[PDB]
């Protein structure tokens, strides 16, 4: 197996929800840069394997980690798999880069939202990222990186996605408070807000929604996942060392009013 070197050679990274979509693109980019990437998934193990194998065929290093998030024991399951894999491959449990990308999306009348729907959105999109950050701190060296994938919908009124917006609003608070907490350790903590992005899902196959999504960006297109990944990879690098506690707009001009 040939080894491609890059700016993140020697670093380790966890990307949650890396089996497809934006997460996949993030893992691929971090892997290309030289980071040993833990490609996390809930149930898409074949997709996750494809990503990890892609990273390795291109000269990188990667492995998959299964953990359903939003249920009791989730963070323990995640970190058992992560730390086993990191120890096997590096001799240590150190985690340099954490990308909280896994999330769920939903569209529906606000009048129809149930308490169970609210709990699930909040459990996956806000609660799990908090507890993943909390657990990561015990193994993240000084100079680390935490990047939380939010949404432009925290700045664009979208009644049919209020629950989702609430969960991402909570997510964004992680960067604000933890950036200060972790300043002395030089761990940067930032939110990245993608605009509408073609994740290859069934919902993007629907003509009615797909038509309106393209016009949200000032560029008149939805994003390719790679356009979001390139921003995350920058934040994960030395070049973004003076950026912390920030909201980074990667929406292609969706937040212009």
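Numbering follows the first chain given and starts at 1.
Novice: Mind pulling up the entry and telling me whether 55 to 63 or 185 to 193 has the higher mean Cα temperature factor?
Specialist: Looking at the recorded C-alpha B-factors, 55 to 63 comes out higher on average.
Novice: Quick one: higher average CA temperature factor, 205 to 213 or 219 to 227?
Specialist: Going by the record's values, the stretch with the higher mean is 205 to 213.
Novice: With respect to the C-alpha temperature factors reported in the PDB entry, which of 147, 162, 171, 106 ranks highest?
Specialist: Highest C-alpha B-factor among the listed options: 106.
Novice: Using the entry's values, work out which of 176, 71, 97, 132 has the largest Cα B factor.
Specialist: Highest C-alpha B-factor among the listed options: 71.
Novice: Check where residue 158 lands among this chain's C-alpha B-factors and tell me if it's the lowest, middle or highest third.
Specialist: Its C-alpha B-factor, which the entry lists for residue 158, ranks in the middle third among residues of this chain.
Novice: Please say which third, lowest, middle or highest, residue 19 falls into when its CA temperature factor is compared across its chain.
Specialist: It falls in the middle third of the chain.
Novice: Can you tell me which third, lowest, middle or highest, the CA B-factor of residue 8 falls into for its chain?
Specialist: For residue 8, the deposited C-alpha B-factor lands in the highest third.
Novice: Test of reading the entry: by CA B factor among the chain's modelled residues, which third contains residue 124?
Specialist: As the PDB entry reports it, the C-alpha B-factor of residue 124 lands in the lowest third of its chain.
Novice: By the record's CA B-factor, is residue 75 among the lowest, middle or highest third of residues in the chain?
Specialist: For residue 75, whose C-alpha B-factor we compare with every modelled residue in the chain, the answer is the highest third.
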